[PDB]
Each structure stands twice: as structure tokens, then as C-alpha cells.
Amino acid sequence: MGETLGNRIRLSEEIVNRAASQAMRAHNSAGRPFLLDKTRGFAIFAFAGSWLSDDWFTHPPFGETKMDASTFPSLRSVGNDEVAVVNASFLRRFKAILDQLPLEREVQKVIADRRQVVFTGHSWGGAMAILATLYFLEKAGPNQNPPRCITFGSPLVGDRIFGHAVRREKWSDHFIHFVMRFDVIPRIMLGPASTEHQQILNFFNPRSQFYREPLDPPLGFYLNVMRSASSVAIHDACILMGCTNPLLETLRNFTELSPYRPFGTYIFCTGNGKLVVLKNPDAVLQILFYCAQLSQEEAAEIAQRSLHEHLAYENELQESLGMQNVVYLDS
């Protein structure tokens, strides 16, 4: 009733909180890639994250490949246009879930059971949730309600063409991505694979919280991530102002920039229980850097702070959704 976020995104606050809880429970669950949670009128498929570097980068610097035109036909480029680009490890792992597990049959079963389908994931798990949603959008029958995707601190998945295709097919609003202010994982794929990416993953792996000795984060990982985020944001700003790709390559001395870009509806948790909702992908890229800038020193502080925020989506949304202070930028 009244003006709530749940009305704007057409997902109740109860199910978003449920999705956050299931997403954290899915991690490190006896090797299983997903769990299914059934509640009245809903089926939540929550995908476990992976903290193996090979599951993030098939090859450095960006681990990208062509989006599978057979599996996702609607995301194809018209004619000989540049093809949509996806993280190769993400796609490989999602395809393995489909091939090895009866995911599609279980999705058809809950739909036939009159349940709304929600794919959800935290961290790497959000990439599986994103690919699952696109796959079942591709194969849906005519009178099936569209699946929804909710991610928490998820990495980026696709490039600009990928995102443009999702928007073109009118699928972008089905995706809701929560991003904490200082969570680096939504930003980390804007930079090349760090030589210490595995050590970054170990630090952000929830199982590391139970270790007797605390794992140390690699020195300067946060600002190294934010330098790349600003590089990609300012690159796209130059493109939108008329600069050409060859010229920009000369200006930056021909270094490689990340191809990945945000898509879908983003919800930034900006602190003091405030939420900022926006859909424009160009604005999301700018704000991924803009809201994550640091004050004071935060040299020996941001590491623990970024980890806490990456792991605190449950508590943050319990508070921010129960007592709402939400602003919409393109609504």
C-alpha cells in the first residue's frame, strides 16, 4: 500500500529480504550450485558463489568471449554487427549447471505450480542468477509470468552490446541489482585481472570469516579497483562527448580497458538506510565510482569496511526496506 519500493519494482519487500537470506545460505552448501526455496506463491533459486579465480577469468586481462548465439538468440546483433560479449567463465559455469542438473525441469515444475520464479545470487552467485534469468526469458512460453532476478554485490557480466540487447528486448526491468556503497565486487570487473585476484577472493569468501587467523587483504586492492572504475567511466563520458575510439586509445597510450558494463535496475545502498534507484546504464557506470570515494585516509580501514559491506546485504535491506527512504533518478 502507498508508495513503496516493492510497488515500483513489482517485487514485495518480503521476497527481496527472503532472496537476500537465501543468497547467503546458498554459498558453500555441500558443493551444490543452487538451492530452491519455496514459499507461498514463489520459487527462489539461489546460486552459490565461487571464490576460485579460474571461475572469474578464463584468460587475462578480462576473460571475455562472444555470447552464445545458440543459447541466447534474442541477444544477437542484427546481421554482421558487433556481437554481444560475456564473461567466458560465467557462461561456461552456467551452461554446466543446465547440462548436469535438472534446472530447466525444476523451473517448469514451479511455474506449472503457479509460483513466481526468482533467480537470486550474492557475489559470483549473482552472475549465475543473471544468466539463468536470460535463459528462461529466451525459452518462456506465451502465458508464463516473466522470471525476476535479484543480485547482491554481484560482478558485472556483459559488455555494452550485451546490455543494449537486454534493454532492446524489454528485459532490463526484470533485473534488480543491489550495490553497497563501498563493495568492490560490483566494481572489480571494470579493471583487468589482478595478479592477486585469488587473494582478493579469499578475503571476500564468507568461509574465511571462521578462520582462526585473519586473512590479510592484498595491499591497495580497493584504490586499484576504483582507479579502473574511474578510467572506464571517463572513457564512456568521452565517447558520449564525440571522442573516437582510435583517438582515445592514443590518449591513454593504447592500454586495454575493460569491456564490461552495468545493465538492469540498480539500487545503491548509500548509508543511513537510504536507497537510490536508477535504470540508465550510463549513469550507473558513473555512480559506481562516484558514490564509492573515500575520505580521511582509509588506508588500513577500507579493506575491512569493503568486506563488511559486501557481506551485510541481509541486515542492510532488513532495515532499509522496513523503513524506507528511497529516491528514483529516472522515474
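All residue numbers refer to positions in the sequence shown, first residue = 1.
Student: Which has the higher mean CA temperature factor in the PDB entry, 211 to 219 or 245 to 253?
Tutor: Comparing 245 to 253 with 211 to 219, the higher mean C-alpha B-factor belongs to 211 to 219.
Student: Using only the Cα atoms and their B-factors as the entry lists them, report which of 92 to 100 and 155 to 163 averages higher.
Tutor: So the stretch with the higher mean C-alpha B-factor is 92 to 100.
Student: Quick one: which of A229, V85, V179, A112 shows the highest Cα temperature factor in the PDB entry?
Tutor: The record points to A112.
Student: Of the choices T265, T58, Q296, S50, which one's C-alpha carries the largest B-factor in the record?
Tutor: So the option with the highest C-alpha B-factor is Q296.
Student: Per the entry's values, where does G271 land by CA temperature factor relative to the rest of its chain, in the lowest, middle or highest third?
Tutor: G271: CA B-factor falls in the highest third of its chain.
Student: Sort the modelled residues of this chain by their C-alpha B factor and say whether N17 lands in the lowest, middle or highest third.
Tutor: It falls in the bottom third of the chain.
Student: Can you tell me whether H308 has a C-alpha B-factor in the lowest, middle or highest third compared with the other modelled residues of the same chain?
Tutor: Within its chain, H308 is a highest-third residue by C-alpha B-factor, going by the deposited values.
Student: How does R40 rank on Cα B-factor within its chain, lowest, middle or highest third?
Tutor: Top third by C-alpha B-factor.
Student: Taking the C-alpha B-factors as the PDB entry records them, is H235 in the lowest, middle or highest third of its chain?
Tutor: It belongs to the middle third of the chain when residues are ordered by C-alpha B-factor.
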